[PDB]
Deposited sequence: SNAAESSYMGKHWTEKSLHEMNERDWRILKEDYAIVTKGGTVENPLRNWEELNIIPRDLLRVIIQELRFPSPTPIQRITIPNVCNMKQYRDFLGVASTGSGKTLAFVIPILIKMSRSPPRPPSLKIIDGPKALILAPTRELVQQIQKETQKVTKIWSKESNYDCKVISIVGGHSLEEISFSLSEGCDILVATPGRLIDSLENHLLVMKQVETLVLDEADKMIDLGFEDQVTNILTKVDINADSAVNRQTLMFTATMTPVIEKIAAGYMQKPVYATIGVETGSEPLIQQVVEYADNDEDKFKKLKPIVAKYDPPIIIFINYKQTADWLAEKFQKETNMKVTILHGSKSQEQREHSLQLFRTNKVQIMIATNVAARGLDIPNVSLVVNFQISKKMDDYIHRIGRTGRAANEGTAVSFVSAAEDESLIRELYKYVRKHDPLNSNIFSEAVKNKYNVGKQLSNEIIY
């Protein structure tokens, strides 16, 4: 029997219950002395009644998202205002995961008079990599703050600073001061350089999609901003730093290490991203004859262009022979064979020829058209190559199929990786991984 965590009250929760809840929302943490995630909005009383009413009654958000669950109780503690690093993909309530703590923090002090907002600048600074993201964050924030202003004592001003707005307009928009400022690093820097604003009173600094900011070349801009806010800070100000990234990198570690003080580290969900629409089908075949006999009826069912990958030029030639003499399909080869190979590609792109049989080397950096079918006649040594290969189909929202023949002579570790992959990336719910391959390589037998 038992009693499930959703049936318990807070007191009754044990450590196994917390483990289960964390798994339930794919939250993984570390850093020591980590607060448990919210079970709901209400019970810890972290969120003040007015704000809570805005969230539950006005916006109708009955429950927190995972990232909000873990972020809010770790970032809201008058005790610590501890730093936070979250690894989570865009969306799923990330923005309010950090905007809610900023509001809570604001509501634990009397409202700043307007004149003071003008003299002192923002209490929160949010950095994001693009104008679009910045504007999206401002709107998502004002969604709450616009209502909150009508339902409480706080009149929160959200100003954004982005490319495409003159220094003059930025300066004008700052006329009634600012509580939360949202900016791209570049334009924020342009703004400081022209003395448009002071940031001596910033209590929460947020770095959102930090990996994307690094990717776009903003590392030095970001670290300059961090250093500048640290130096210019009023000494009575205590500043909390929050960082969100979809992935972890050496650069992100470097920044965390350099600018954050003993932070909570959390992973939330998995790294999201594009799923090619591919049916992966892995089948066992003893030798090249068996392979070809299984392949023949498959190609009969797929519209050209079709591509077949091999590893040895001899096998390519053999396979072309088989196709030419045993079906009515026109092929073309690719090694180390042609420099005018773009002739062949041109045959293929225009459907003069239906099947291309190519090695990895020969086909890398060629514009292959979207194919209906990839055949891995000989498996690659590296998963990188398998992924690049099968990527030749399933592009631009069309469905594709990738069939791979696995013999008795393949790298076991590779086959393990491939099994995991075929299970994990199954958007069409139709991926096949042969039981015979499972047996030959002792892989994928275990139940969940």
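Residues of the deposited sequence missing from the coordinate set occupy positions 1-8, 344-345, 459-463.
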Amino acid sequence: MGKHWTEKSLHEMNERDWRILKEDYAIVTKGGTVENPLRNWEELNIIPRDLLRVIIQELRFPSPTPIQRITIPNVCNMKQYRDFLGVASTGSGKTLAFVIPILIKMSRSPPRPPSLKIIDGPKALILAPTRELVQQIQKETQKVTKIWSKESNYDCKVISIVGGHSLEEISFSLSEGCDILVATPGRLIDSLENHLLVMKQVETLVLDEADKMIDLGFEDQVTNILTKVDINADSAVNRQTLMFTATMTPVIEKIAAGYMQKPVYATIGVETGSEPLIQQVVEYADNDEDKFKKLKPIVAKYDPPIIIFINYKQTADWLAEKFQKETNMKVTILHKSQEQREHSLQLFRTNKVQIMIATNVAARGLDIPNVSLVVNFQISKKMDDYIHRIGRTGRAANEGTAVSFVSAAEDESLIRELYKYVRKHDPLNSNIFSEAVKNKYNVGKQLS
From here on, numbers count along this sequence of modelled residues.
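In this crystal structure, the stretch out of 126-134 and 255-263 whose C-alpha atoms carry the higher mean B factor is 255-263. The question of which stretch, 138-146 or 288-296, has the higher mean Cα B factor is settled in favour of 288-296. In this structure the maximum Cα B-factor among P369, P114, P101, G93 is found at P369. Per the deposited record, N328 carries the highest C-alpha B-factor of all listed residues (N328, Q221, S173, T241). Ranked within its chain, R341 lands in the highest third, by CA B factor from the PDB record. Annotation for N398: C-alpha temperature factor in the highest third relative to the rest of the modelled chain, per the entry. Residue-level temperature factors show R39 in the lowest third of its chain, judged at the C-alpha atom.
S413: CA B factor in the highest third of modelled residues in this chain (values from the PDB entry).
For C178, the recorded CA B-factor ranks within the lowest third of the chain. Only modelled residues enter the ranking.
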